[PDB]
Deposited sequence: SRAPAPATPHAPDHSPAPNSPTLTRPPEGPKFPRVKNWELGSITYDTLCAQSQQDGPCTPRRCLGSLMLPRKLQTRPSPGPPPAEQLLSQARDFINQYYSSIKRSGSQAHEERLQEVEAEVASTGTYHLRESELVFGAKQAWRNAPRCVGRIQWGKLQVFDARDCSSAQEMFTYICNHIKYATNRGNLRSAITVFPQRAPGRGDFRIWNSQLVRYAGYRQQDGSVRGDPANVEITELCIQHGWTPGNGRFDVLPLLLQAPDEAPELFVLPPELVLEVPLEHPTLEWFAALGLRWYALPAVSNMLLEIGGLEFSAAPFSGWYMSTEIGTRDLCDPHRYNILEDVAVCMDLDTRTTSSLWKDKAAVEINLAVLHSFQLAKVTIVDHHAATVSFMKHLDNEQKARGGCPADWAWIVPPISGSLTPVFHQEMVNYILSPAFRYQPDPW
């Protein structure tokens, strides 16, 4: 009967309909002919309608839709575009749009926390040193000595024919990737290019598997300036296993604060090219993807050898065994170091709770199944059995071209 997508949970046998998708004003990659769900990467009038939509969302969200303060703000926005081509957000509109952006992000399993985000307004920032300061305050606040708090620092928006504010690094904390003159990679192979870029702008490079990179920060129309994070601010966790005593001797570690810095925050048309945000990790990001991907640290074989497994064949399930212990080592060490982390079971459960809230509040929740299901123990988590609708709402986070 209802002509909205029917959404089923195959474990519990329950059924919903996503009506929220009707609100989507941007096309994704799929068509009736073929599904492109698994791919990672798929102006006056145009700006004004995006701005009107957002202001409408704002007033809705405080329950004053249609009111004269709503029609006045609408008027104020169109007046400001009329004469300058852009406009600006009130403080509390930025706070709402930034949260709304996290809320709308289809690939984030952490959304249950969407309403608990600290928004640092940094639209006054006018230099690269100042960005540094702002970022340090961020890390300091967000890190909070282990008791991690979600936050986002918002720098000034794209302006017409004026350079963007850009953080070159893809995350605020990143280990160096040193290309060897024997093809291989020392450190994190994900970070090869940014390392090369830092060195070229005059960083004296280290030599280790876990060297914290400096920040490359770009004020409008200036070459990027290089900034070393003072070590005492970058909280790391040494990794050790609860029962395998030799795991500590591997000298593996990860940093506490996952802070993404290369995304664009789009709110009602306006684009914030430098709006770094952070939360806390899910255990599989480090334990499974970062440490075990063949194209990352790739420690799987090393660990299984230590665990004395048969690596000559697949049917020993040697990879599955080691993956689990590496993950268990991530959880145990973070717990021991009193640093916030969430395991993939706890995390997905809370995402199911989120789906139920959003069903009630908005009529659905855009979700990307391939990304919400964790990279180990998929069907062991309730999300695997949950059909999901994926679509682009706004405000949003967006990828953007690398500044170089």
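Chemist: Give me the ranges of the deposited sequence that have no CA atoms here, in sequence order.
Modeler: Going by the record, the segments left unmodelled (no C-alpha atoms) fall at 1-28, 71-82.
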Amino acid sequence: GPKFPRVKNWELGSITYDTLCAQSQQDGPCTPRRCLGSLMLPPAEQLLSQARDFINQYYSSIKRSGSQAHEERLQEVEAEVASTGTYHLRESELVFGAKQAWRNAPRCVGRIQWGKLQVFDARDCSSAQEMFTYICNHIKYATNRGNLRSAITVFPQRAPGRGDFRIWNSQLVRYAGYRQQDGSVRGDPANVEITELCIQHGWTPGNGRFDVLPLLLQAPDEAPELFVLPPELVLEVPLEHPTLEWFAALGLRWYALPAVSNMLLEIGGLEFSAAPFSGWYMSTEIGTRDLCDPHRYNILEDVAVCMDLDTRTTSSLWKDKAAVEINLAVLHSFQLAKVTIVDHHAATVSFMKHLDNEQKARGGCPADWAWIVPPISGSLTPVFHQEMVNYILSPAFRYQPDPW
From here on, numbers count along this sequence of modelled residues.
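Chemist: Determine, for stretches 95-103 and 191-199, which one has the higher mean CA B-factor as deposited.
Modeler: That would be 191-199.
Chemist: Comparing 381-389 with 6-14, which stretch shows the greater average C-alpha B-factor in the deposited entry?
Modeler: Per the PDB record, 6-14.
Chemist: Looking at 294, 276, 231, 110, which one carries the largest C-alpha B-factor according to the PDB entry?
Modeler: Comparing C-alpha B-factors across 294, 276, 231, 110, the top value belongs to 231.
Chemist: Say you rank 149, 88, 289, 319 by Cα B-factor from the PDB entry; which sits at the top?
Modeler: Top of the list by C-alpha B-factor: 88.
Chemist: Please place residue 367 in the lowest, middle or highest third of its chain according to the CA B-factor in the PDB entry.
Modeler: Within its chain, residue 367 is a lowest-third residue by C-alpha B-factor, going by the deposited values.
Chemist: Tell me, lowest, middle or highest third: where does the Cα B factor of residue 84 rank within its chain?
Modeler: Highest third of the chain for residue 84's C-alpha B-factor.
Chemist: Among the chain's modelled residues, which third holds the C-alpha B-factor of residue 280?
Modeler: Answer is lowest: the recorded C-alpha B-factor places it there.
Chemist: Ranking every modelled residue in this chain by its Cα temperature factor as given in the entry, which third contains residue 352?
Modeler: For residue 352, the deposited C-alpha B-factor lands in the lowest third.
Chemist: For the chain shown, is the CA B-factor of residue 46 in the lowest, middle or highest third of its modelled residues?
Modeler: Highest third of the chain for residue 46's C-alpha B-factor.
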